[PDB]
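The chain below stands alone, shown as structure tokens; this is the form deposited in one PDB entry.
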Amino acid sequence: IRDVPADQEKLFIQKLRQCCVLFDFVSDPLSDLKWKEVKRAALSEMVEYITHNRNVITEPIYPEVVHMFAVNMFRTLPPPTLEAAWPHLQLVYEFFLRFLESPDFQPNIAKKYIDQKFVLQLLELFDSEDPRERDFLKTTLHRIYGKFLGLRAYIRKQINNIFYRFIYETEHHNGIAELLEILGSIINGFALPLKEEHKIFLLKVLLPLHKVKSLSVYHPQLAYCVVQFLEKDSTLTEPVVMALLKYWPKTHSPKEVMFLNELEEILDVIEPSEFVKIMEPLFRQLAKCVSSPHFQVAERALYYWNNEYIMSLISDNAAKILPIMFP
């Protein structure tokens, strides 16, 4: 129908609208090959254009883009289960991304279309089971957070919600890892002194994430977020450490490696006055770990001895830690 360079944006719009036509990859895969290819081409064209030429990029093309994304991406998901529509969706995501981070981007213009409802429909998508979709969503929400001051609170509050239902209500997610990476970056940007709502979020939501059985899928990102709280406000270290010692697997187990890991990362940046408050209960847990029957645990606990910082902490508080290092 159309032809790919005769100046105008009138045909650039026409290409975007061509790409709102949605194809069936799931029931019939041998279906509409020729046209899937036209669409899947026009996307691949539209990426190059936006990612190599400059001022195209005008009031009129902002809604076309945002509709184009929404019509392709905002849909109910299947029952690791990969996306059949990836030949299209990859380029949809690649495009939007390059569009959001284009140097000609006017957030002040895109805010009429990328609104609170848009964000909500994006967050739903994080429950996809296709990891490289969850990867594009991560980066995308991150760009949206960074460039739309008007949406930051809303995004923060909605992420909090997804963690809430993941833990208390039945609902599972498997996009927690990705959302927590976005949270790490949100935490770095909080004003000091920390608003109380963030301190509540830490004790009421972040710390309890250490308890859901699928911890291992997101634990490094969980660890990063807790450590970042403590870098903002070391006054939180006591309840945080005690929470981890509370949720510490009381049965001997190989997931203990992850707690040892996280504790060493807290210990890496701990304040001396904060350490003394938790050293006794902390080192009693390590006593157990050193003598674990699970080889990996003893070793991981024993590896603290390579940490010069921890060794000097032990050494500054020897009178009180020594009796705890075997009787």
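For every residue, the number given is its place in the sequence shown, counted from 1.
Beyond the structure shown, there is the form deposited with a partner chain bound, which is absent from this document and is the topic of what follows.
Practice task
Mark residue 190 yes when one of its heavy atoms lies within 4.5 Å of a heavy atom of the partner chain in the deposited bound form, and no otherwise.
Solution key: It does: once the partner chain is placed as it appears in the deposited bound form, residue 190 has a heavy atom within 4.5 Å of it.
Problem - Heavy atom of residue 235 within 4.5 Å of the partner chain in the deposited bound form - result: Looking in the deposited bound form, residue contacts with the partner chain do not include residue 235, since no heavy atom lies within 4.5 Å.
Practice task
Answer yes if any heavy atom of residue 139 is within 4.5 Å of a heavy atom of the partner chain in the deposited bound form; otherwise answer no.
Solution key: Residue 139 belongs to the contact set for the partner chain.
Handout entry: 4.5 Å heavy atom contact, residue 182 and the partner chain in the deposited bound form
Key = So residue 182 counts as contacting the partner chain.
Handout entry: Site test, 149, 152 and 186 vs the partner chain in the deposited bound form, non-hydrogen atom cutoff 4.5 Å
Key = Yes, the whole trio is in contact, each within 4.5 Å by some heavy atom.
Problem - One residue of 104, 135, 231, 129 in contact with the partner chain, assessed in the deposited bound form (non-hydrogen atom, 4.5 angstroms) - result: So the residue touching the partner chain in the deposited bound form, by this definition, is 135.
Practice task
Could you work out which of 98, 88, 173, 198 is the residue within 4.5 angstroms of the partner chain in the deposited bound form, going by heavy atoms?
Solution key: Here the answer is residue option 198.
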